[PDB]
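**Student:** Below is a structure I'd like to ask you about.
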Amino acid sequence: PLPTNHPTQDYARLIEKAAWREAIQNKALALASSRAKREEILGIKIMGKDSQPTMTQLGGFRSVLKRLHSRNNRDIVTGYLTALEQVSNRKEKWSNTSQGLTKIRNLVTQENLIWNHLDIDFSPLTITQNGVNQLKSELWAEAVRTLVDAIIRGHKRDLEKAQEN
Amino acid sequence: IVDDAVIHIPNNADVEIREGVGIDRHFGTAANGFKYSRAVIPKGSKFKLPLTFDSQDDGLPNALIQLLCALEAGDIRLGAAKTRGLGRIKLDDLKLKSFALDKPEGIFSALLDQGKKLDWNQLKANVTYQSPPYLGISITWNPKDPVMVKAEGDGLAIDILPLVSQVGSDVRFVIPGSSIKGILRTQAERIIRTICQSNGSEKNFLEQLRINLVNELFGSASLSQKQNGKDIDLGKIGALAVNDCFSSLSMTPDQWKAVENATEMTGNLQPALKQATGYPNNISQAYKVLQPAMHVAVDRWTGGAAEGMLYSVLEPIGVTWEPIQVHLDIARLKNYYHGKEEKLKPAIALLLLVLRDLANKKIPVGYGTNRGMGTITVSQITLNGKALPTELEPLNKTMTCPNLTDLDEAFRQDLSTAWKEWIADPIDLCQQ
RNA sequence: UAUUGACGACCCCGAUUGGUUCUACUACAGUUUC
RNA sequence: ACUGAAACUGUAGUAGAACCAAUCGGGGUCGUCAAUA
Ligand SMILES: [Mg+2]
Ligand SMILES: [Mg+2]
């Protein structure tokens, strides 16, 4: 690795983020492709022609996650979930999901969890000393947004297949 | 030589996301797949003009002086969506440094002395800026029913909140030029299809859009076609461009963040709206500007309310709005018609018919038009063209009658004639 | 066989579209030395 | 029984055209609840 004091350490950091961002985007595409993984990660599932929850309920969550720019915005997303969880008719919309509301609560509030689902070996993608811990803290919110965005897209375009049978 | 220039966004401001939708011309509702979003650099962002010019002759080319005059006039547009609100730039603080690289005193100046200043005003005095033909349309209007475009997603105390945008230090409510263009285009097409009795129902949305005259005014998608063994592009840019319209009212960015994050409609929302409306101690005036409304769906057998169907709207009942700016590029149409200014009259005739309906409340704007919003009163349309051809020169007018009776009857009767002659044979008018 | 005896609020957003279509490289310089 | 020299992968080219954040919904209203003697 580059020594921490090295003058090009600022330039290496630009290269690493680029290599990490593309790795996260590629891995998020693969994980959305399989219905067992979308169910593992968010609890979402397809049951016949039906979607659990409705695509409108996924879309509503996703619109809030757009505001998750930083870890200190996780108040925004957890605030949405508690208000949802407090209204009986809305909480039951997410019954018949695999624990979906807790899985979303965890993904947003447990800072380690996104990286375990992505499960990327970042060692070939980093060159700065202490680069891994820094980049994880910086790119966390973006990885969460990318993975949730990918999963809902992959869900909908498999829902279209079950629909069109 | 033109360098890359980094954009410095204003303080605290950030990249905005603009939502977009395509509305099916038959059902009047969002078309399937036609939902998109665009990141935009907010208004008032700055970047450096980074030009260098290597003169082999003496002096400075007059066309290059006209260019800099055009930048200072703000006549140049940059980037995407140029017809739909975006892209206008204006130059400030122009500075000219000359290095006489042909001579020793000049070549060392390049290496050391940082050059010789020129007074721009001395060049700016030796030329007349020749603006190209255009017709500016300014519509002065006020909301008769609350006018808003809906925000990107549901709120806490209020589900449906108005769209706002940063404009320097403050946020303002905004109606995007995309929205104003889209309502105008829809009425223009309905007029054309009505005249021809051409149905729109069997066409998909990209084919629904593609009809005569509107293909030139509002523009068409790029689409290559081997139409006759010859290969041709159907795409052309809109000769008609529309600006974003902002509210006269403004709020500090945190003052609106207090509204977005209120959670009790009768609780902490009331302080936030008293703040933002500018009546921090007088809610009965605050709610004459932004008024929360509640709605229910009432179940048809039981009455009462349908389970779950309770929702609320922050209605900008009293927000005052600045005049809408529409810019018609007469040069771009005239190029489409291969110069023939006779061919402008059907396109100009269509545009005036669209504006007649706008002033007659036939074109509502924004969210909820069928649900208690969106109807506008137009007080005045000002038509202000530059370098118009002499037979269109009567357009330069301020109109206050909705029925165009402020345009000369001989001119309105001339346009009616060219229009009627096109109705009798609605050819592709740019087909040479 | 038909008595016992008076309280109490509810809904809190729901459904959906989440990108569609076109352009995907085009001209060249292919060795130079009056 | 002698290293060729000298030579900018460069020049021209706006990630752009078309696209409505939109459709539907009265801030509404009556009998229930408990089981025995
Ligand atoms: Mg609420
Ligand atoms: Mg609600």
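Following the order of the structure tokens, chains are lettered A, B, ..., residues in each are numbered from 1, and ligands are numbered from 1.
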Would you list the contacts of residue 11 (chain C) as a VMD selection string, taking every protein, DNA or RNA residue within 10 Å and counting only C-alpha atoms (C1' of nucleotides), but skipping same-chain residues closer than 5 positions in sequence?

**Tutor:** (chain A and resid 89) or (chain B and resid 296 to 297 304 to 310) or (chain D and resid 28)

**Student:** Could those residues be written to a file, using N, CA, C and O atoms (P, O5', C5', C4', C3', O3' and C1' of nucleotides), as a PDB file, in the first residue's frame?

**Tutor:**
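Full text of out_39.pdb as output:
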ATOM      1  N   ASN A  89     -52.945  -0.977   9.322  1.00  0.00           N
ATOM      2  CA  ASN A  89     -53.201  -1.341   7.932  1.00  0.00           C
ATOM      3  C   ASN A  89     -51.961  -1.289   7.066  1.00  0.00           C
ATOM      4  O   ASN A  89     -51.903  -1.982   6.054  1.00  0.00           O
TER       5      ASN A  89
ATOM      6  N   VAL B 296     -61.009  12.721   2.336  1.00  0.00           N
ATOM      7  CA  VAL B 296     -61.416  11.354   2.608  1.00  0.00           C
ATOM      8  C   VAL B 296     -62.004  10.793   1.336  1.00  0.00           C
ATOM      9  O   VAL B 296     -62.604  11.520   0.549  1.00  0.00           O
ATOM     10  N   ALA B 297     -61.801   9.501   1.118  1.00  0.00           N
ATOM     11  CA  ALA B 297     -62.671   8.708   0.272  1.00  0.00           C
ATOM     12  C   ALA B 297     -63.804   8.139   1.106  1.00  0.00           C
ATOM     13  O   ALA B 297     -63.556   7.496   2.118  1.00  0.00           O
ATOM     14  N   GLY B 304     -69.251   7.362   5.878  1.00  0.00           N
ATOM     15  CA  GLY B 304     -68.070   7.438   6.709  1.00  0.00           C
ATOM     16  C   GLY B 304     -66.819   7.668   5.892  1.00  0.00           C
ATOM     17  O   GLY B 304     -66.726   8.641   5.147  1.00  0.00           O
ATOM     18  N   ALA B 305     -65.811   6.821   6.033  1.00  0.00           N
ATOM     19  CA  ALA B 305     -64.658   6.932   5.168  1.00  0.00           C
ATOM     20  C   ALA B 305     -64.079   5.565   4.894  1.00  0.00           C
ATOM     21  O   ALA B 305     -64.079   4.700   5.764  1.00  0.00           O
ATOM     22  N   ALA B 306     -63.560   5.378   3.695  1.00  0.00           N
ATOM     23  CA  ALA B 306     -62.971   4.099   3.362  1.00  0.00           C
ATOM     24  C   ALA B 306     -61.698   3.876   4.159  1.00  0.00           C
ATOM     25  O   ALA B 306     -60.868   4.767   4.297  1.00  0.00           O
ATOM     26  N   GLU B 307     -61.564   2.679   4.693  1.00  0.00           N
ATOM     27  CA  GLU B 307     -60.448   2.294   5.542  1.00  0.00           C
ATOM     28  C   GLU B 307     -59.116   2.577   4.873  1.00  0.00           C
ATOM     29  O   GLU B 307     -58.787   1.962   3.862  1.00  0.00           O
ATOM     30  N   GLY B 308     -58.310   3.443   5.466  1.00  0.00           N
ATOM     31  CA  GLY B 308     -57.037   3.798   4.897  1.00  0.00           C
ATOM     32  C   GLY B 308     -57.011   5.019   4.016  1.00  0.00           C
ATOM     33  O   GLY B 308     -55.929   5.530   3.745  1.00  0.00           O
ATOM     34  N   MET B 309     -58.152   5.462   3.512  1.00  0.00           N
ATOM     35  CA  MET B 309     -58.234   6.496   2.484  1.00  0.00           C
ATOM     36  C   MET B 309     -58.337   7.900   3.052  1.00  0.00           C
ATOM     37  O   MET B 309     -59.256   8.620   2.731  1.00  0.00           O
ATOM     38  N   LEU B 310     -57.438   8.280   3.946  1.00  0.00           N
ATOM     39  CA  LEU B 310     -57.353   9.639   4.464  1.00  0.00           C
ATOM     40  C   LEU B 310     -56.021  10.262   4.064  1.00  0.00           C
ATOM     41  O   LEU B 310     -54.971   9.664   4.294  1.00  0.00           O
TER      42      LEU B 310
ATOM     43  P     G D  28     -66.799  16.822   6.108  1.00  0.00           P
ATOM     44  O5'   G D  28     -67.752  15.568   6.101  1.00  0.00           O
ATOM     45  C5'   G D  28     -67.920  14.787   4.935  1.00  0.00           C
ATOM     46  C4'   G D  28     -68.017  13.321   5.278  1.00  0.00           C
ATOM     47  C3'   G D  28     -68.877  13.000   6.480  1.00  0.00           C
ATOM     48  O3'   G D  28     -70.241  12.881   6.174  1.00  0.00           O
ATOM     49  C1'   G D  28     -66.827  11.825   6.618  1.00  0.00           C
TER      50        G D  28
END

**Student:** How would you report the residues lying within 6 Å of ligand 1, as a PDB file with C-alpha atoms (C1' of nucleotides), in the first residue's frame, if you count only C-alpha atoms (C1' of nucleotides) and all ligand atoms?

**Tutor:**
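out35.pdb, written as the output of this step:
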ATOM      1  CA  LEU B 156     -44.897  13.314   7.071  1.00  0.00           C
ATOM      2  CA  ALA B 157     -47.557  15.713   8.336  1.00  0.00           C
TER       3      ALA B 157
ATOM      4  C1'   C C  12     -53.815   8.463   9.143  1.00  0.00           C
TER       5        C C  12
END

**Student:** Considering only C-alpha atoms (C1' of nucleotides), give me a table of residues in chain B that are at most 9 Å from chain C, with the closest atom pair and distance in Å for each, as CSV.

**Tutor:**
residue,atom,partner,partner_atom,distance
B:21,CA,C:17,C1',8.5
B:30,CA,C:17,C1',6.2
B:31,CA,C:17,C1',6.5
B:32,CA,C:17,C1',5.0
B:33,CA,C:19,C1',5.3
B:34,CA,C:19,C1',5.6
B:35,CA,C:19,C1',5.3
B:36,CA,C:19,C1',5.2
B:37,CA,C:19,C1',8.5
B:159,CA,C:13,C1',7.8
B:206,CA,C:21,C1',7.6
B:221,CA,C:22,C1',7.2
B:222,CA,C:22,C1',4.9
B:223,CA,C:22,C1',4.2
B:224,CA,C:22,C1',6.1
B:233,CA,C:22,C1',8.6
B:235,CA,C:22,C1',8.3
B:296,CA,C:11,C1',8.8
B:304,CA,C:11,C1',8.9
B:305,CA,C:11,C1',6.6
B:306,CA,C:11,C1',7.1
B:307,CA,C:11,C1',5.5
B:308,CA,C:11,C1',5.7
B:309,CA,C:13,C1',5.4
B:310,CA,C:13,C1',5.2
B:311,CA,C:13,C1',5.0
B:312,CA,C:13,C1',8.4

**Student:** Only C-alpha atoms, please: the residues just picked out, written as a PDB file, in the first residue's frame.

**Tutor:**
ATOM      1  CA  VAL B  21     -43.318  11.799 -16.665  1.00  0.00           C
ATOM      2  CA  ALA B  30     -48.725   8.681 -17.140  1.00  0.00           C
ATOM      3  CA  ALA B  31     -47.593   6.436 -19.964  1.00  0.00           C
ATOM      4  CA  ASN B  32     -46.048   3.091 -19.106  1.00  0.00           C
ATOM      5  CA  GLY B  33     -42.279   3.285 -18.894  1.00  0.00           C
ATOM      6  CA  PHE B  34     -42.224   7.057 -19.326  1.00  0.00           C
ATOM      7  CA  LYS B  35     -41.021   7.888 -15.832  1.00  0.00           C
ATOM      8  CA  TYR B  36     -37.545   9.400 -15.513  1.00  0.00           C
ATOM      9  CA  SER B  37     -35.511  11.754 -13.349  1.00  0.00           C
ATOM     10  CA  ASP B 159     -48.604  13.767   2.048  1.00  0.00           C
ATOM     11  CA  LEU B 206     -44.030   7.929 -28.981  1.00  0.00           C
ATOM     12  CA  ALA B 221     -37.359  12.738 -31.091  1.00  0.00           C
ATOM     13  CA  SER B 222     -34.384  11.735 -33.141  1.00  0.00           C
ATOM     14  CA  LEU B 223     -35.334   8.718 -35.220  1.00  0.00           C
ATOM     15  CA  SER B 224     -33.376   7.573 -38.260  1.00  0.00           C
ATOM     16  CA  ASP B 233     -33.560  11.649 -39.445  1.00  0.00           C
ATOM     17  CA  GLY B 235     -35.628  14.388 -35.200  1.00  0.00           C
ATOM     18  CA  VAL B 296     -61.416  11.354   2.608  1.00  0.00           C
ATOM     19  CA  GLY B 304     -68.070   7.438   6.709  1.00  0.00           C
ATOM     20  CA  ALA B 305     -64.658   6.932   5.168  1.00  0.00           C
ATOM     21  CA  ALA B 306     -62.971   4.099   3.362  1.00  0.00           C
ATOM     22  CA  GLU B 307     -60.448   2.294   5.542  1.00  0.00           C
ATOM     23  CA  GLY B 308     -57.037   3.798   4.897  1.00  0.00           C
ATOM     24  CA  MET B 309     -58.234   6.496   2.484  1.00  0.00           C
ATOM     25  CA  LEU B 310     -57.353   9.639   4.464  1.00  0.00           C
ATOM     26  CA  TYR B 311     -54.833  12.051   2.951  1.00  0.00           C
ATOM     27  CA  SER B 312     -53.851  15.707   3.074  1.00  0.00           C
TER      28      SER B 312
END

**Student:** To test your reading of the structure, identify every residue in region 107-341 of chain B that backbone DSSP assigns to helix (DSSP H, G or I), and report it as a CSV table (one decimal) with N, CA, C and O atoms, in the first residue's frame.

**Tutor:**
chain,number,residue,atom,x,y,z
B,107,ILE,N,6.6,38.1,-26.0
B,107,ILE,CA,6.8,36.7,-25.6
B,107,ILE,C,7.2,36.6,-24.2
B,107,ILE,O,6.8,35.6,-23.5
B,108,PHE,N,8.0,37.5,-23.7
B,108,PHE,CA,8.4,37.5,-22.2
B,108,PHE,C,7.2,37.9,-21.4
B,108,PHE,O,7.1,37.4,-20.2
B,109,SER,N,6.3,38.7,-21.9
B,109,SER,CA,5.1,39.0,-21.1
B,109,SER,C,4.2,37.8,-20.9
B,109,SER,O,3.7,37.6,-19.8
B,110,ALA,N,4.2,36.9,-21.9
B,110,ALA,CA,3.5,35.6,-21.7
B,110,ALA,C,4.2,34.8,-20.6
B,110,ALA,O,3.5,34.0,-19.8
B,111,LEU,N,5.5,34.8,-20.4
B,111,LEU,CA,6.3,34.0,-19.5
B,111,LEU,C,6.3,34.7,-18.1
B,111,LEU,O,6.6,34.0,-17.1
B,112,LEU,N,6.1,36.0,-18.0
B,112,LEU,CA,6.4,36.6,-16.7
B,112,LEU,C,5.3,37.6,-16.3
B,112,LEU,O,4.6,37.4,-15.3
B,113,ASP,N,5.0,38.6,-17.2
B,113,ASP,CA,4.2,39.8,-16.9
B,113,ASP,C,2.7,39.6,-16.8
B,113,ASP,O,2.0,40.6,-16.4
B,120,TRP,N,-12.9,46.1,-22.5
B,120,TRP,CA,-13.9,45.4,-23.3
B,120,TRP,C,-14.9,46.5,-23.8
B,120,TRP,O,-15.3,46.4,-25.0
B,121,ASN,N,-15.2,47.5,-23.0
B,121,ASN,CA,-16.2,48.5,-23.4
B,121,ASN,C,-15.7,49.2,-24.7
B,121,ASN,O,-16.6,49.8,-25.4
B,122,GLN,N,-14.4,49.3,-24.9
B,122,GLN,CA,-14.0,49.9,-26.2
B,122,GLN,C,-14.2,49.1,-27.4
B,122,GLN,O,-14.5,49.6,-28.5
B,123,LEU,N,-14.1,47.7,-27.3
B,123,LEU,CA,-14.6,46.9,-28.4
B,123,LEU,C,-16.1,46.8,-28.4
B,123,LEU,O,-16.7,46.9,-29.5
B,124,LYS,N,-16.7,46.7,-27.3
B,124,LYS,CA,-18.2,46.6,-27.2
B,124,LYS,C,-18.8,47.9,-27.8
B,124,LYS,O,-20.0,47.8,-28.1
B,177,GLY,N,-40.4,24.3,-16.5
B,177,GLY,CA,-40.7,24.5,-17.9
B,177,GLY,C,-41.1,23.3,-18.6
B,177,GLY,O,-41.8,23.3,-19.6
B,178,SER,N,-40.6,22.1,-18.1
B,178,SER,CA,-41.1,20.8,-18.6
B,178,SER,C,-42.6,20.7,-18.5
B,178,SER,O,-43.3,20.1,-19.4
B,179,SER,N,-43.2,21.2,-17.4
B,179,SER,CA,-44.6,21.0,-17.1
B,179,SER,C,-45.4,22.0,-17.9
B,179,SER,O,-46.4,21.7,-18.4
B,180,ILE,N,-44.9,23.3,-18.0
B,180,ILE,CA,-45.6,24.2,-18.9
B,180,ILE,C,-45.5,23.9,-20.3
B,180,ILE,O,-46.5,24.2,-21.1
B,181,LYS,N,-44.4,23.4,-20.8
B,181,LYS,CA,-44.3,23.0,-22.2
B,181,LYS,C,-45.2,21.9,-22.4
B,181,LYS,O,-45.9,21.8,-23.5
B,182,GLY,N,-45.3,20.9,-21.5
B,182,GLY,CA,-46.2,19.7,-21.8
B,182,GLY,C,-47.6,20.0,-21.8
B,182,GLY,O,-48.4,19.3,-22.5
B,183,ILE,N,-48.1,20.9,-21.0
B,183,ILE,CA,-49.5,21.3,-21.1
B,183,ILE,C,-49.8,22.0,-22.4
B,183,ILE,O,-50.9,21.9,-23.0
B,184,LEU,N,-48.9,22.9,-22.8
B,184,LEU,CA,-49.1,23.6,-24.1
B,184,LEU,C,-49.0,22.7,-25.3
B,184,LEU,O,-49.9,22.8,-26.2
B,185,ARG,N,-48.1,21.8,-25.3
B,185,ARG,CA,-48.0,20.8,-26.4
B,185,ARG,C,-49.3,20.0,-26.5
B,185,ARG,O,-49.8,19.7,-27.5
B,186,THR,N,-49.8,19.5,-25.3
B,186,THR,CA,-51.0,18.7,-25.3
B,186,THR,C,-52.2,19.4,-26.0
B,186,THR,O,-53.0,18.8,-26.7
B,187,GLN,N,-52.4,20.7,-25.6
B,187,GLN,CA,-53.5,21.5,-26.2
B,187,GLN,C,-53.2,21.7,-27.7
B,187,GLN,O,-54.2,21.8,-28.5
B,188,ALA,N,-52.0,22.0,-28.1
B,188,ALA,CA,-51.7,22.2,-29.5
B,188,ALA,C,-52.0,21.0,-30.3
B,188,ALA,O,-52.6,21.1,-31.4
B,189,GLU,N,-51.6,19.8,-29.8
B,189,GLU,CA,-52.0,18.5,-30.5
B,189,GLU,C,-53.5,18.3,-30.6
B,189,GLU,O,-54.0,17.8,-31.6
B,190,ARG,N,-54.2,18.5,-29.5
B,190,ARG,CA,-55.6,18.3,-29.5
B,190,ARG,C,-56.3,19.2,-30.5
B,190,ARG,O,-57.3,18.7,-31.1
B,191,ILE,N,-55.8,20.4,-30.7
B,191,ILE,CA,-56.4,21.3,-31.7
B,191,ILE,C,-56.1,20.7,-33.1
B,191,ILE,O,-57.0,20.7,-33.9
B,192,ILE,N,-54.9,20.3,-33.4
B,192,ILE,CA,-54.6,19.7,-34.7
B,192,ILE,C,-55.3,18.5,-34.9
B,192,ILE,O,-56.0,18.3,-36.0
B,193,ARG,N,-55.3,17.5,-34.0
B,193,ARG,CA,-56.1,16.3,-34.2
B,193,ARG,C,-57.6,16.5,-34.3
B,193,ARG,O,-58.3,15.8,-35.0
B,194,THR,N,-58.1,17.5,-33.6
B,194,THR,CA,-59.5,17.8,-33.7
B,194,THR,C,-59.9,18.3,-35.1
B,194,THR,O,-60.9,17.8,-35.6
B,195,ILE,N,-59.1,19.2,-35.6
B,195,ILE,CA,-59.3,19.7,-37.0
B,195,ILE,C,-59.3,18.6,-38.0
B,195,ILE,O,-60.2,18.5,-38.9
B,196,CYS,N,-58.4,17.7,-37.9
B,196,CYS,CA,-58.2,16.5,-38.8
B,196,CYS,C,-59.1,15.4,-38.4
B,196,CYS,O,-59.2,14.4,-39.2
B,205,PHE,N,-47.4,5.9,-27.1
B,205,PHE,CA,-47.0,7.3,-26.7
B,205,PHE,C,-46.0,8.0,-27.6
B,205,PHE,O,-46.2,9.1,-28.0
B,206,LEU,N,-45.0,7.3,-28.1
B,206,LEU,CA,-44.0,7.9,-29.0
B,206,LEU,C,-44.6,8.2,-30.3
B,206,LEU,O,-44.2,9.2,-31.0
B,207,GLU,N,-45.6,7.5,-30.8
B,207,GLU,CA,-46.3,7.8,-32.0
B,207,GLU,C,-47.4,8.8,-31.8
B,207,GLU,O,-47.8,9.5,-32.7
B,208,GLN,N,-48.0,8.9,-30.6
B,208,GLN,CA,-49.0,9.9,-30.3
B,208,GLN,C,-48.4,11.3,-30.4
B,208,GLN,O,-49.1,12.2,-30.8
B,214,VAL,N,-46.7,20.6,-34.6
B,214,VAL,CA,-46.1,20.5,-33.3
B,214,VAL,C,-44.7,19.8,-33.4
B,214,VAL,O,-43.9,20.0,-32.6
B,215,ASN,N,-44.5,19.0,-34.5
B,215,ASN,CA,-43.1,18.5,-34.7
B,215,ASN,C,-42.1,19.6,-34.9
B,215,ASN,O,-40.9,19.4,-34.6
B,216,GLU,N,-42.5,20.8,-35.4
B,216,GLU,CA,-41.6,21.9,-35.6
B,216,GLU,C,-41.5,22.8,-34.3
B,216,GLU,O,-40.5,23.2,-33.9
B,217,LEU,N,-42.7,23.2,-33.8
B,217,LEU,CA,-42.8,24.0,-32.7
B,217,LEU,C,-42.2,23.3,-31.5
B,217,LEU,O,-41.2,23.8,-30.9
B,253,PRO,N,-33.7,28.0,3.0
B,253,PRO,CA,-33.7,26.5,2.8
B,253,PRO,C,-34.1,25.8,4.1
B,253,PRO,O,-34.7,24.7,3.9
B,254,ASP,N,-33.6,26.2,5.3
B,254,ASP,CA,-34.0,25.5,6.5
B,254,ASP,C,-35.5,25.8,6.9
B,254,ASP,O,-36.1,25.0,7.5
B,255,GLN,N,-36.0,27.0,6.5
B,255,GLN,CA,-37.4,27.3,6.8
B,255,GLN,C,-38.3,26.3,6.0
B,255,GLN,O,-39.4,25.9,6.6
B,256,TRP,N,-38.0,25.9,4.8
B,256,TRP,CA,-38.8,24.9,4.2
B,256,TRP,C,-38.5,23.5,4.7
B,256,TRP,O,-39.4,22.6,4.8
B,257,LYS,N,-37.2,23.2,5.1
B,257,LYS,CA,-36.9,21.9,5.7
B,257,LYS,C,-37.8,21.7,7.0
B,257,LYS,O,-38.0,20.6,7.4
B,258,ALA,N,-38.1,22.8,7.7
B,258,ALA,CA,-39.1,22.7,8.8
B,258,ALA,C,-40.5,22.3,8.3
B,258,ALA,O,-41.2,21.7,9.1
B,259,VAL,N,-40.9,22.7,7.1
B,259,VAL,CA,-42.2,22.2,6.6
B,259,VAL,C,-42.1,20.8,6.1
B,259,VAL,O,-43.0,20.0,6.4
B,260,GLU,N,-41.1,20.4,5.4
B,260,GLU,CA,-41.0,19.0,5.0
B,260,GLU,C,-40.9,18.1,6.1
B,260,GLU,O,-41.4,16.9,6.0
B,269,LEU,N,-46.3,21.4,12.8
B,269,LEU,CA,-46.5,22.0,11.4
B,269,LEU,C,-46.9,23.5,11.5
B,269,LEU,O,-46.5,24.3,10.6
B,270,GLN,N,-47.7,23.9,12.5
B,270,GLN,CA,-48.2,25.2,12.5
B,270,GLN,C,-47.1,26.3,12.7
B,270,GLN,O,-47.0,27.3,12.0
B,271,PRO,N,-46.1,26.1,13.6
B,271,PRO,CA,-45.0,27.0,13.6
B,271,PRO,C,-44.2,27.0,12.3
B,271,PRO,O,-43.8,28.1,11.9
B,272,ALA,N,-44.0,25.9,11.7
B,272,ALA,CA,-43.2,25.9,10.4
B,272,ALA,C,-43.9,26.7,9.3
B,272,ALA,O,-43.2,27.4,8.6
B,273,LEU,N,-45.2,26.5,9.1
B,273,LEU,CA,-45.9,27.3,8.1
B,273,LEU,C,-46.0,28.8,8.4
B,273,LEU,O,-45.9,29.7,7.6
B,274,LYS,N,-46.2,29.1,9.7
B,274,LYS,CA,-46.1,30.5,10.1
B,274,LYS,C,-44.7,31.1,9.8
B,274,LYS,O,-44.7,32.3,9.4
B,275,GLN,N,-43.7,30.4,10.0
B,275,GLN,CA,-42.3,30.8,9.6
B,275,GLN,C,-42.3,31.1,8.1
B,275,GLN,O,-42.1,32.2,7.7
B,276,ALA,N,-42.5,30.0,7.3
B,276,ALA,CA,-42.3,30.1,5.9
B,276,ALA,C,-43.2,31.1,5.2
B,276,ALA,O,-42.8,31.7,4.2
B,283,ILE,N,-51.3,32.9,12.3
B,283,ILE,CA,-51.6,31.7,11.5
B,283,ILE,C,-52.8,32.0,10.5
B,283,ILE,O,-52.8,31.4,9.4
B,284,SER,N,-53.7,32.8,10.9
B,284,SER,CA,-54.8,33.1,10.0
B,284,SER,C,-54.4,33.8,8.7
B,284,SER,O,-55.2,33.8,7.8
B,285,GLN,N,-53.3,34.5,8.7
B,285,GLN,CA,-52.7,35.0,7.5
B,285,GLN,C,-51.7,34.0,6.9
B,285,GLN,O,-51.6,33.9,5.7
B,286,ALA,N,-51.0,33.2,7.7
B,286,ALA,CA,-50.2,32.1,7.2
B,286,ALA,C,-51.0,31.2,6.3
B,286,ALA,O,-50.5,30.8,5.3
B,330,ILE,N,-37.8,32.1,-34.0
B,330,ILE,CA,-38.3,32.3,-35.4
B,330,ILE,C,-37.2,31.9,-36.3
B,330,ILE,O,-37.5,31.5,-37.5
B,331,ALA,N,-35.9,32.1,-36.0
B,331,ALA,CA,-34.9,31.6,-36.9
B,331,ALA,C,-34.9,30.1,-37.1
B,331,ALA,O,-34.6,29.7,-38.2
B,332,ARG,N,-35.1,29.4,-36.0
B,332,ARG,CA,-35.1,27.9,-36.2
B,332,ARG,C,-36.3,27.4,-37.0
B,332,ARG,O,-36.1,26.5,-37.8
B,333,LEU,N,-37.5,27.9,-36.8
B,333,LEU,CA,-38.5,27.6,-37.7
B,333,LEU,C,-38.2,27.9,-39.1
B,333,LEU,O,-38.3,27.1,-40.0
B,334,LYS,N,-37.8,29.1,-39.4
B,334,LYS,CA,-37.6,29.6,-40.7
B,334,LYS,C,-36.5,28.7,-41.4
B,334,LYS,O,-36.6,28.5,-42.6
B,335,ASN,N,-35.5,28.2,-40.6
B,335,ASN,CA,-34.6,27.2,-41.2
B,335,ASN,C,-35.3,25.9,-41.5
B,335,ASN,O,-35.0,25.3,-42.5
B,336,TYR,N,-36.2,25.5,-40.6
B,336,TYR,CA,-37.0,24.3,-41.0
B,336,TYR,C,-37.8,24.4,-42.2
B,336,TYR,O,-37.9,23.5,-43.0
B,341,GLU,N,-41.0,32.4,-45.3
B,341,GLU,CA,-41.8,33.0,-44.2
B,341,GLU,C,-43.3,32.9,-44.4
B,341,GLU,O,-44.0,33.3,-43.5

**Student:** Hey, what's within 9 Å of region 167-173 of chain B if we count only C-alpha atoms (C1' of nucleotides) and toss same-chain stuff fewer than 2 positions away? As a list in words, please?

**Tutor:**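 Listing them by chain and then by number gives residues 10, 11, 12, 13, 42, 43, 44, 45, 148, 149, 162, 163, 164, 165, 175, 245, 246, 247, 248, 249, 250, 251, 252, 253, 255, 256, 319 and 321 of chain B.
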
**Student:** Generate the output file for the selected residues, C-alpha atoms, as a compact mmCIF listing (two decimals), in the first residue's frame.

**Tutor:**
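Dumped to selection.txt:
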# COMPACT_ATOMS: atom_id res chain seq x y z
CA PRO B 10 -23.90 27.95 -4.31
CA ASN B 11 -23.36 27.69 -0.59
CA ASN B 12 -25.38 24.94 1.11
CA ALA B 13 -27.07 24.26 -2.23
CA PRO B 42 -29.17 24.66 -9.48
CA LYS B 43 -29.73 28.15 -10.79
CA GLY B 44 -27.04 30.63 -9.84
CA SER B 45 -24.15 28.18 -9.99
CA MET B 148 -48.62 23.34 -7.67
CA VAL B 149 -46.44 20.63 -9.07
CA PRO B 162 -45.37 21.52 -3.55
CA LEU B 163 -42.17 21.24 -5.52
CA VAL B 164 -39.55 23.85 -4.61
CA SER B 165 -36.14 24.76 -5.98
CA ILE B 175 -43.36 25.05 -11.97
CA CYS B 245 -41.57 29.66 -13.35
CA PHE B 246 -40.80 30.50 -9.72
CA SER B 247 -42.94 31.92 -6.95
CA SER B 248 -42.58 35.50 -5.80
CA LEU B 249 -42.67 34.15 -2.25
CA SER B 250 -39.41 32.71 -0.95
CA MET B 251 -38.16 30.85 2.12
CA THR B 252 -34.74 30.12 3.53
CA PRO B 253 -33.67 26.54 2.83
CA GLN B 255 -37.42 27.26 6.76
CA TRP B 256 -38.78 24.87 4.16
CA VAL B 319 -48.56 31.88 -3.53
CA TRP B 321 -46.22 33.57 -9.32

**Student:** May I ask for the distance between CA of residue 369 (chain B) and CA of residue 18 (chain B), given in Å to one decimal place?

**Tutor:**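 According to the coordinates, CA of residue 369 (chain B) and CA of residue 18 (chain B) are separated by 20.4 Å.
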
**Student:** Applying 6 Å and only C-alpha atoms (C1' of nucleotides), which residues near residue 32 (chain A) remain after dropping the ones on its own chain fewer than 5 positions away? List them as a PyMOL selection string.

**Tutor:** chain A and resi 38+150-151+154
